[PDB]
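# this block holds the first chain(s) of the complex, placed as they are in the complex; more will follow:
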Amino acid sequence: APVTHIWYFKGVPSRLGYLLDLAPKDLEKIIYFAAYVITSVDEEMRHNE
């Protein structure tokens, strides 16, 4: 299973958090299996339904 490089997730600037517009407190909860994220949503399938 894929894993995240610590050099980029964890640091004084969280580079992964900067790119993805999140926070390290809102990334450790995910790449360490504490909370889910919504990978993608269906926009039209929700607009008509």
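On my side now, so go ahead. Numbers count the residues shown, from 1 in each chain, chains lettered A, B, ... in the order given.

# show me where chain A has its helices.
With DSSP state H as the criterion, chain A has helices at A:6-9, A:15-20, A:43-47.

# of all the ones you listed, which one comes closest to residue A:34?
Judged by Cβ to Cβ, the one of these that comes nearest to residue A:34 is helix A:6-9, at 14.3 Å. (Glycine included, C-beta is placed from N, CA and C.)

# for the closest one, enumerate the helices and strands it packs against.
For helix A:6-9, the packing partners by 3 or more Cβ pairs under 8 Å, 6 or more residues apart in numbering; DSSP states H and E come out as helix A:15-20.

# may I see the buried residues of the helix it packs on?
For helix A:15-20, burial by neighbour count (16 or more other Cβ atoms under 10 Å) applies to A:16, A:17.

# extend the structure above with chain B:
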Amino acid sequence: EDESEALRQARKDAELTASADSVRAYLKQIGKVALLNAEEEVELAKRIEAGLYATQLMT
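Putting chain B together with the chains above:
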């Protein structure tokens, strides 16, 4: 005390914690399923027997 919103959301917030220690997080999660007794064990064993019988029938 226990009712009137003092302890319920208290329990929900206490459970909903960062749990930095990995063993601590695993023990927190394992504290979610109640223990079982003999009748429950034999009932679930019957269910598994039915499931494997149905799998054999599918095969």
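
# interface residues of chain A facing chain B?
Counting by Cβ under 8 Å from any Cβ of the partner chain, the residues of chain A close to chain B are A:28, A:29, A:32, A:34.

# which one of those is nearest to chain B?
residue A:34 (6.8 Å; Cβ to the nearest Cβ).

# so residue B:56, which state does it fall into?
Three-state assignment for residue B:56 (DSSP: H, G, I helix; E, B strand; the rest coil): helix.

# in PyMOL, how would I select just the buried ones from the residues of chain A next to chain B?
Buried residues within these, by 16 or more other Cβ atoms under 10 Å in any protein chain shown, are selected in PyMOL with:
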select buried, chain A and resi 28+29
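
# so can I have JSON lines of the residues of chain A next to chain B showing distance to residue B:39?
Formatted as JSON lines, these follow (distance: Cβ to Cβ, whole Å):
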{"residue": "A:28", "distance to residue B:39": "42"}
{"residue": "A:29", "distance to residue B:39": "39"}
{"residue": "A:32", "distance to residue B:39": "38"}
{"residue": "A:34", "distance to residue B:39": "35"}
